Structures are given as structure tokens and as C-alpha cells.
Amino acid sequence: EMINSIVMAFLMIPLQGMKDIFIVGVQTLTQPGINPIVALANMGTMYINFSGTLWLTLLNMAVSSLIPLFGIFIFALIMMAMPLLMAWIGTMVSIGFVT
Amino acid sequence: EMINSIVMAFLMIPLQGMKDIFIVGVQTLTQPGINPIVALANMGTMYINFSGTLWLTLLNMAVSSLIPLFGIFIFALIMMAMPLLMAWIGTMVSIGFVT
Amino acid sequence: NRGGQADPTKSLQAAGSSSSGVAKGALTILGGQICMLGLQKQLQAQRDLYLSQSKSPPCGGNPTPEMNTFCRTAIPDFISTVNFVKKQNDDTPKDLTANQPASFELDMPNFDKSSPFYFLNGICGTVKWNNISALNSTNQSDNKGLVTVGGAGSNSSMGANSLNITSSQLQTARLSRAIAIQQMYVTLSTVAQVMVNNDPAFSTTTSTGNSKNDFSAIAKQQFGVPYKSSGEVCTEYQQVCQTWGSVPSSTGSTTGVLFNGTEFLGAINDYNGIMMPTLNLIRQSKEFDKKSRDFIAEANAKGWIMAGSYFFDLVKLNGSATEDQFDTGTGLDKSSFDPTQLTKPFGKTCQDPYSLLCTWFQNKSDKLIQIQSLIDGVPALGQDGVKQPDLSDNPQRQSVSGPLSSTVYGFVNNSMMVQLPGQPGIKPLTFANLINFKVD
Amino acid sequence: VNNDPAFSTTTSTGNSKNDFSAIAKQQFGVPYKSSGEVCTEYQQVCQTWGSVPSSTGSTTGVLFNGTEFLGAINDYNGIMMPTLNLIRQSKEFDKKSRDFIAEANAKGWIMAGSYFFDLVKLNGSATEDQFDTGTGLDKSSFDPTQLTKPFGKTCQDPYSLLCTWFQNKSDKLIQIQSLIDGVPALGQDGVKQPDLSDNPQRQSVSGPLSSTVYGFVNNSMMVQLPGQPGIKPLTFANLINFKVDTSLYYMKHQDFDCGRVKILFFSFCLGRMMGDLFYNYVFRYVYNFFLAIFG
Amino acid sequence: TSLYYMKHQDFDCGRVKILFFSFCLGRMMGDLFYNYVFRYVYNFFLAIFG
Amino acid sequence: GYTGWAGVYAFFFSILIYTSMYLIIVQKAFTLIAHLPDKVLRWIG
Amino acid sequence: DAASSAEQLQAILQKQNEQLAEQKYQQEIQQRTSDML
Amino acid sequence: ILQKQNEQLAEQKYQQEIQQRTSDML
Amino acid sequence: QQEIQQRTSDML
């Protein structure tokens, strides 16, 4: 059940959070009248917020994946993850300070 | 207690140190008549006087874990610290190296 | 060229910041004194039981010459033999012009060569402290003449002022750290004596008194715990801890507390008070120097094709046209204290470097594991107890509660919690909840 | 070897007090400061050589001044000065520094820059002892454990004949091992191999540990010579600080429940020795083995 | 590879007595659980690893 | 008002941009050494 | 002045080793008592 | 301050002497 | 200077 939870937490980063924040950005811009500048600022801040909070939950969990003889291998998991993982977190970091 | 002292260390490094050098910097620059260039130089010296001391104390504790069976935690944390880790550490260094 | 004191509570941050270890040194010497008096009392008792049986082996019969020697030899005072002024002046050359030693080591306890216990030297830890290298530098010192502090205009290590020092005043300036640690030693000696006297196992008297009221097997009376200003248990530093108290229903009853939680901080602020004069004389205009102007003359003799290299010099001038002390680098952090070393030689057959200790004990460890339970608890308060405390500025410190509050290490941890009468000067983590970390 | 009482055909007729230890009747001593005080760390300057203050009943007389090893290094060097001296034969400026000019004339101009640095080392010429290296004694090897690799309940290649004459008893070689590095006649702690590179931060071997050849070699190379001190103590100490303690992660002795079983008249508590060999003697010993290597 | 080499220990004989039998539990214990299991595996390890 | 360490990110950003700011206010502040003499030659010549 | 403060420090030093002088006298009494008793 | 606290410890002290004499009386 | 004391041990 730990690896179930680690897969769950390593699956929702792009899809759930990133799609949802883009949806809320869509609805906040689509109405005529809301200041777009403040809008992109706003999803930028919630966007860095989601990125950092999820990152810290993975901090917690990959620390708590310390099962003997097998937590080494959650560590191999985070190792072979960190390029594409780095890819998504790169998207949120860069777009965060851009917007 | 290792887990404890560890996370106090790697949670204190960005916020505590970084904020205190910022507030001392603003305190020195807000004074009337103080030469500003030398002031920024001194806060550069504080940057490159605490960042690396914290860095070699991470040397100490990360090595000083070495606990059999589970010791990989010091790996787990570190590696999925290393990006954002460097994010502040390089940040600190660059400031000094500029100013 | 023509014109273009020290707060008692603020010293807690000064105890440790990854660059000062005076509190660690204080912990080391305190635990060392526990080691001296405890080891003394155990050898004393064991020797009394040995001579009370001076008709049977090993003191009788056909002893090995080593056991014969132990039976004959008395047991001296280790607290008496330990001081740091004499070791320091033994280490430093009597000549006052040569380069002084950079560091000084002091194995604890301290025996001389004629003492037959030389191998026990260092059993109770070791303390280290460096010289004040600010005065170690060449300062035109003389054996019998007069010395002048470097002021402004020369290669100086002290401040920008000149003071006159004779031979006596200067050598006493060398003993700053010496009588520093000495006053630590004298001020913790009483605390160590009280602590060793508080343990029933160290009461060599066969007391048949109230055995049902003792706080624990290792102390009849608890030391106590930090208490908030309102008067409840200060479990965490986050709530302010001011006073000292007991804990009710600790083992079915409550016992008196013998301390205020201010003896440790007391030692530290006497330390700071006696260092204040020394560093004060080292620091002895400061905001202006004549050296900042001298570069112009060479700049004239120099040319204009190097003007850029004086740029930061120029900022040093035009800017000037528009324009609590604690010891650092003391070296007490470099000391060490291992509690496990009394039980190191014991095993199937006893090993170096203290085999002969085990041979007097005939390879029993009970008296020494009693010392370990005094220092940090194991095993009289569980197979695992309190560890070496972190004496650095840790605003997330947790005071130990219950019987484990009645060990040396836990007492030290609890004492470095409380707040001195001065206004608080320790800043907690601004956002500790913002980095939560959930593991069990 | 003559100093070792183990190789003395006659046994000790008096008390062990007149002896120093089980491997040395007379200790060799350790380095001492210029003030005659005990040297512990190489950072402090230690010049003389003396007897260890430790007295197990008497203080034995030392034999060596500690200058034998470095004296050997010195005469070695002095008798190499000839060969490297006749190999040495100013030398920084030579006649053939000019020969490229004619070839450059023959070549032309489309390659002028190829002579650039040559021109430089000519323009300087108009505008302006050694010790051996690569001798390969580092490739040499010494191993003491090879005295004991064969032996076992039944022992094998490549030196099983030591077994065959010794009838598979290896103790006569274990005192040899304790002579090399003090295991186990003076404990299994032992003394590590002293590296021969320049180490300003070296700990002198103290106590009876100094009465082994490994510890003697270790203590013999810090004693400075008046000729030329070639080692400079570190200027970066107490800047890069490392407080790593090898005591938190240490297995300590346990007293076990002495659970007595009786084989029909025989009382013995098998639980306790299962405890005291399985854990206190195998697991603990190997753990402290890796711990000492780590230390 | 010899820096880690693990020697052959001589354990105290675990003298056990049955009514008329006597032999070393402890010595054969160490010899077989350790001297020819742990030593054996670790030696096979260093031998391949070199 | 910024929730969480989001404002803390702002914190780092500000001083980074600060020093970079300072840097360009530096770098363009001393081009004049070799940046004026050319137009001196321009206006007189 | 600076010197006078230093003299006060050495006065504290002197009272301290006088305390130690009392201390080294304060064990042979107890040792001879162990023997007498 | 320090005087205040050790006075308070002395005040709290003067309640358990009765109970220890009581136990001796049992 | 050791000669005297092994001599002693011998005639002891």
C-alpha cells in the first residue's frame, strides 16, 4: 500500500493539479471585465503554490518510503523519475515566475 | 532525533538565514548617509559567510547519519532536495558573487 | 586629499550557531565532573569491600602483583588534580616573544607520571580550547619591557588603538581562557557533588530509610522541569519557560527539587562576564582611518592607466564623505565526551586501553553501568534513554519529562530551555508549520 | 625480534612488572616535544624521543632514538644524489631555440602564427637539488594476514605445507601478527597501516600500542629533523569542521538471561551462551570490525 | 582485498556434559555457524570480487 | 498578501532582481569611459 | 584602567588557586581517616 | 526574580514533610 | 644502563 500511495502521488502532479489550474484560469479570463494582468498573476501564484506544496508532499513521502530492502527501490523510482518529474516541475517553476 | 535535527536544518536554511540577511541588509541601507556600495558588499560577505557554513554542516549531518539498514533516508531527502536545495544555495552564492 | 553590557537571555543565541561551542564545552566539563566523582566513589566502595575481606582472594591469598598494588594503593581525588591554568602554562613556552601554541588539550581527569593511574587519564573525556590568536601575532612583546597594542597605520590584529601592557598584565591576558574554564570547573563542582550525592546507588551507606518515596532508582529527589510563567509544564520551548518545578505523581509521589534551572546558564553568564574585560581590551578612530588617504600619493607617483584599480578605494572615501559582545572561536566545541568508555574494556576477556581497570573489577560492569545510567539513563530508566543534546540554537527543542528528567543529559536539555530574567532574545522558526514533516 | 619475549627461549623468571608488555620486554618509546613533554599530535612540534610514562610496575628503558627510519631515508637520498646529479647535466636557455627561423623563412607567411609561442620564448630571452620521482616503491606490497590464510580445520593452497608441518596450529604465526600490529596479544583493536603521504594531522600511537612495528613506524616519521622540515601544518583546519563520532552506532555488551537446563545431572544455561557467542562475540565483533575500518 | 580479510577465531569450547558424553557446543557452534558459513560466504565474495 | 511560502518565493525573487537590477545599473553606469570619446570625436570632428 | 582590571582578574585567579590549595589539603585527612578507621 | 522563584519553591516545599512524617507513622 | 637491572633480576 505504500507503493500504491507513491504511484498515486506521482501520478496526479501534471493531470489533476495542472489541468485544474488551467481550467480555473480559463474561467477567470473568459468573463469580460476581469483584469487579465491580475488574472495571470493570480493563477501564477496558485500555480507556484500547487507546485511547491505537491513537491513538499513528495518530500515527506519519499522520506517515509524507508522500508528495509525495498525503500532503496522507491529511491531508484525517484531517480528514474527525476527527469520527467523535473520536466513538469520545470513547467510550473518557469510559468510561475513568468506569469 | 536524527530525523528531527535533519529537518530542522534543511527547513531552517532557506527561510531563517535568507530572511535574516535580507532584514539586516534593509536595516543597513535604510540608515541615512551610509555608503550603499560597501553595504551591499558586506551583505555579500554575509551571503558567502553563512551559505557555505550551512553547506558544510550539511556535510556533517548527512555523513553523520550512516545508520545501517535505513541510512538511505539521507539519500532520499538529499536527492529530491538537490534541485531546490541548489535553488537556494546557488541563489545565495550568486548574490554575493554579484555584489 | 583636501576633502571629497550583555543581555543574559541574548547569550543563548551565542551558545551555539555552528561557530561557537562554549555551551558544548560546559556540557563536556559538567559530564566530566560527574565522571570524576562517580568513578571516585565506586573505586572507594570497591576498595573498602576488598580490604574488608583481607583474608581471602584477591587482596589475600596469592594475588597477582597488579591486584596487590591496587589493594595497597589508596584512591586520590580527581577533582583536585584537574585544573587548566597549570596545563596551559606547561604547554606555552615561558618566553613571551615566541609564537604561542595554537590550541590546548586537557584530558580529564589529570594525573602526573608518578601517579600509577596514568592509563585512567582521559577516561572522563577531554576538553580543548585554542589560544587567543589576536595576541599570539607579533605585537612587539618584550620579556621585561613594555608592549603596545597595534593602532592605526601598521599591520594590526587588535583594534585601531594603542595601549601599554607590561609583562605581568600580558601573561595574565594569556590566561583568559584558563581561568575561564577554571571558573566553569569551580561553579559546576557543587552541582556535580549534589548530583552524585542524589543517587541512592552512590549512597555507600546501607540506608534502610524510605525506599518508597524516591523519585527513581537513580535519584531520591528529582531535579525538576522547566515551567512556564503561569506555572505549568513547559514541554516545548515555543511556550515561554521561566521557572523550575517538580512533576506530581512521578512515581506515586512528588519530591523536592534541588535547583532552579539556572545553574547551567549561571555558569555561562559568569563565563561571559569574565571574558568581557579580555575581549574589551582586545578591541581597544574606528570609523575612520588615515590609511584610506595614503593611496593618493602613490596614485600621483603611479599614473592614470591604473585608475580603475583604486575604484573600491574611492568608494571607501566618498562614502565616508557622505557618512552585546560574545566570544567567538573559543574552541570548547572541539572537546569530546564519550560515556561508553567505562564499559569499553569489558567482554569475554578485557581489552586495551583500560584492561587493568577491568582486572581490578574482576570483569564486572555493574558499578560502571550505574555511572552510565547516571549520565544518560541506560538501563535503569529503560534500555534506551536520552541522547547527547544539541546545544546549538534549536527553537524546536523538547524538554524531557518523567523519570528521564532525572538524568544528567536530560537535566542539561531542560536547563537550556529556560529563559533568564532578561528579556527573551531567541527567535524561533518563523514558519515551522509551513514545512511540516509527517513520519512515524 | 630479539626484544620480543615471545621469541625468548627461556620464560620469564620474575614478575611481569619488569617486562613492558607481552610483545616487548623494553618499549621503544614515542616522540616528545622540544620541552620533553608528551607528543600526541603532529601539529604540535615534536623533536626528541623518549619513554612512555605508562608504568605497569616499572618504566623500561627505550632502545631507539626514533631517527633510524628517517636516517635510512636520508642515507638513501644521499646515495641517490650521485645518479640524479650526473643525470642533471644554462639549461633554460639553449642554442637550438633559434633553429626554427630558417625553416620559417623556407615556409613563407601563410603559417606565421605557428611560430607564435616560439617567438614569445625568444622575446622573453631578450626582454627578461631535484629529488627523485617515479621510483615505484609505492607499487610494493606487504601483507601480514598471509601467515594465516591457509589455516583452518582443514587448510589448502597455496601454502598448506606450513599447516602440514605445523599440524594445523597457527598460534606461532599469530604472535608474529601481534608483533606486526598488536593483534591479538595486545587486543584486536590493532593499529592501521600508516599512510606515507604528507599528513600534518597525524595522531601519535600511545600506550602499549606503540610497542608494535606498525605503531613504531607510524611514530617514527613525524620526528622532525633539524635538516629541513618539509611539512607545513594545515591552514584550513577548524575552517572545514567535521564532528563525526563513532560511538552512537556501536553495539555494546548485554547480560543475558541465564536459562538453566539440566541434562539429568548437568546444570548449564544454554540461553546465555547462545546469547554471548551468537551476538556478543560474532555480530558485535564483526560490527566493531567494520566500525574500526570506518573510524 | 586483504584489508577486509576476516580471520579464523578460536572460541572457548562450550563444554557440555551428557551423562557420559562431553563436547563443545560453543566451539563447534562458532566453527560451523561462523567459521564455515559466514567466513565461507564472505570469502567466496572477496574471491570473486578481486 | 500572499498565502503560504508563495510570498517567500517573491522574497527570493525580489532580492535576485535587486542584485541583477544593481548589476545593470552598474554595467550601463560605466560604459561612458569608452562610450563618450567616440561621440567627442563625432561632435568636434 | 586596562591594567587595573587585569590585576583584579589575577586577584580572582589568586583566590582560586588558594581554593585549590585548600582542596589538595582536603584529601590526605580523609585518607588517613580511612586508615585509622 | 531568582529570589522570587526560590521563595516559591520553598513555599511549595512546606506540604510534603507532613506526609512523609505520616508514612513514618504508618 | 639496563645491564645493571637484568643483572639484578638474575641474582634475585
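Some observations on this one:
- For the range C:72-120, taking the residues that are within 11 Å of chain D (Cβ to nearest Cβ) and acidic (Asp, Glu), the one that is farthest from the chain's Cα centre (by Cα) is identified as C:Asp112.
- Residue match in the range C:9-32 (condition: more than 30 Å from C:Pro424 (Cβ to Cβ), surrounded by 18 or more Cβ atoms within 10 Å (Cβ to Cβ) and not β-branched (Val, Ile, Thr)): yes
- Of everything in the range C:16-63 that is within 29 Å of the chain's Cα centre (by Cα) and assigned to a loop (DSSP other than H, G, I, E, B), the residue that is nearest to C:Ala201 (Cα to Cα) is C:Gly21.
- Pairs where the first residue, in the range D:207-231, is more than 30 Å from C:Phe117 (Cβ to Cβ) and the second is of a type in the set (D, E, K, R) and assigned to a loop (DSSP other than H, G, I, E, B), C-beta under 7 Å, 6+ apart: D:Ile231/D:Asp198
- Number of residues in the range E:14-27 that are more than 8 Å from chain D (Cβ to nearest Cβ) and surrounded by 15 or more Cβ atoms within 10 Å (Cβ to Cβ) equals 2.
- Number of the condition not met by C:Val378 [criteria: (1) within 21 Å of C:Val196 (Cβ to Cβ); (2) touching a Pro at 6+ places or on another chain (Cβ under 8 Å); (3) assigned to a loop (DSSP other than H, G, I, E, B)]: (2)
- The listed residues are D:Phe151, D:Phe117, and the only one of them that is assigned to a helix (DSSP H, G or I) and of a type in the set (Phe, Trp, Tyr) turns out to be D:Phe117.
- Subset of the range D:255-264 that is more than 7 Å from chain E (Cβ to nearest Cβ) and not small (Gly, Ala, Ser) - its residue that is farthest from the chain's Cα centre (by Cα): D:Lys262
- Taken as a whole, the range A:25-35 holds at least one residue that is buried (at least 16 other Cβ atoms within 10 Å of the Cβ) and either under 17 Å from the mean Cα position of the chain (by Cα) or outside any helix (DSSP H, G or I) (or both).
- In the range B:74-99, the residue that is nearest to B:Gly52 (Cα to Cα) out of those that are hydroxyl-bearing (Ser, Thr, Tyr) and within 7 Å of another protein chain (Cβ to nearest Cβ) is B:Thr91.
- Whichever residue in chain H is within 13 Å of C:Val257 (Cα to Cα) and among the aliphatic types (A, V, I, L, M) and, among such residues, is nearest to the other protein chains (Cβ to nearest Cβ): H:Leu9
- Counting only residues that are surrounded by 19 or more Cβ atoms within 10 Å (Cβ to Cβ) and under 23 Å from the mean Cα position of the chain (by Cα), the range C:371-391 holds 12 of them.
- C:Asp107 vs. criteria out of contact with any helix residue (DSSP H, G or I) (no Cβ under 7 Å at 6 or more places or on another chain), within 30 Å of D:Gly207 (Cα to Cα) and among the acidic types (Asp, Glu): yes
- The listed residues are B:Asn42, B:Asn60, and the only one of them that is closer than 30 Å to D:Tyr249 by Cα and either of a type outside the set (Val, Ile, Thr) or in a helix (DSSP H, G or I) (or both) turns out to be B:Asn60.
- Only listed residue being aromatic (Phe, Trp, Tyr) and buried (at least 19 other Cβ atoms within 10 Å of the Cβ), chosen from B:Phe50, B:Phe70: B:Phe50
- Boolean, C:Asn161 is in a loop (DSSP other than H, G, I, E, B), within 11 Å of chain G (Cβ to nearest Cβ) and either surrounded by fewer than 14 Cβ atoms within 10 Å (Cβ to Cβ) or touching a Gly at 6+ places or on another chain (Cβ under 8 Å) (or both): yes
- Residues in the range C:213-241 that are farther than 20 Å from C:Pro379 by Cα and touching a helix residue (DSSP H, G or I) at 6+ places or on another chain (Cβ under 8 Å): C:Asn213, C:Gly224, C:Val225, C:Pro226.
- Check on B:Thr28, over 30 Å from A:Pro68 (Cα atoms), facing another protein chain (nearest Cβ under 7 Å) and of a type outside the set (A, V, I, L, M, F, W, C): no
- Test for C:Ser405: is it farther than 22 Å from A:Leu56 by Cα, out of contact with any helix residue (DSSP H, G or I) (no Cβ under 8 Å at 6 or more places or on another chain) and among the polar types (S, T, N, Q): no
- Test for C:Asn363: is it surrounded by fewer than 18 Cβ atoms within 10 Å (Cβ to Cβ) and either in a helix (DSSP H, G or I) or within 14 Å of chain B (Cβ to nearest Cβ) (or both): no
- First in the range H:13-26 and part of a helix (DSSP H, G or I), second anywhere and of a type in the set (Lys, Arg), Cβ under 9 Å, 6 or more apart: H:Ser23/C:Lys212
- Of the criteria (1) under 24 Å from C:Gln341 (Cβ atoms); (2) crowded, with 19+ Cβ neighbours inside 10 Å; (3) not hydrophobic (A, V, I, L, M, F, W, C), which one C:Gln44 fails: (2)
- C:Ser415 crowded, with 19+ Cβ neighbours inside 10 Å, more than 10 Å from every other protein chain (Cβ to nearest Cβ) and under 30 Å from C:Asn213 (Cβ atoms): yes
- In the range C:418-440, residue surrounded by the fewest Cβ atoms within 10 Å (Cβ to Cβ) [restricted to those that are within 20 Å of C:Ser17 (Cβ to Cβ) and within 24 Å of the chain's Cα centre (by Cα)]: C:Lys427
- Residues of the range C:315-354 that are within 14 Å of chain B (Cβ to nearest Cβ), of a type in the set (A, V, I, L, M) and crowded, with 17+ Cβ neighbours inside 10 Å: C:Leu317 alone.
- Residue in the range D:242-254 that is nearest to C:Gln351 (Cα to Cα), counting only those that are of a type in the set (S, T, N, Q) and more than 7 Å from every other protein chain (Cβ to nearest Cβ): D:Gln254
- Meets criteria (closer than 16 Å to C:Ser18 by Cβ, surrounded by 15 or more Cβ atoms within 10 Å (Cβ to Cβ) and either more than 9 Å from chain C (Cβ to nearest Cβ) or touching a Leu at 6+ places or on another chain (Cβ under 8 Å) (or both)) for B:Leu58: yes
- Of the residues examined, F:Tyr18 is one that is more than 7 Å from every other protein chain (Cβ to nearest Cβ) and within 17 Å of B:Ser94 (Cα to Cα).
- Selection status of C:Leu170, part of a helix (DSSP H, G or I), surrounded by 17 or more Cβ atoms within 10 Å (Cβ to Cβ) and within 14 Å of chain G (Cβ to nearest Cβ): yes
- Sub-7 Å Cβ pairs linking a first residue in the range C:71-90 that is within 30 Å of C:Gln53 (Cβ to Cβ) to a second residue that is of a type in the set (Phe, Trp, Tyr), at least 6 apart or interchain, are C:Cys71/C:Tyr50; C:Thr81/C:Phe111, ordered by first then second residue.
Heads up, the Cβs are rebuilt from the backbone with ideal geometry, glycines too, and the neighbour counts pull from every protein chain shown. No lab work stands behind these numbers, since they all come straight from the coordinates.
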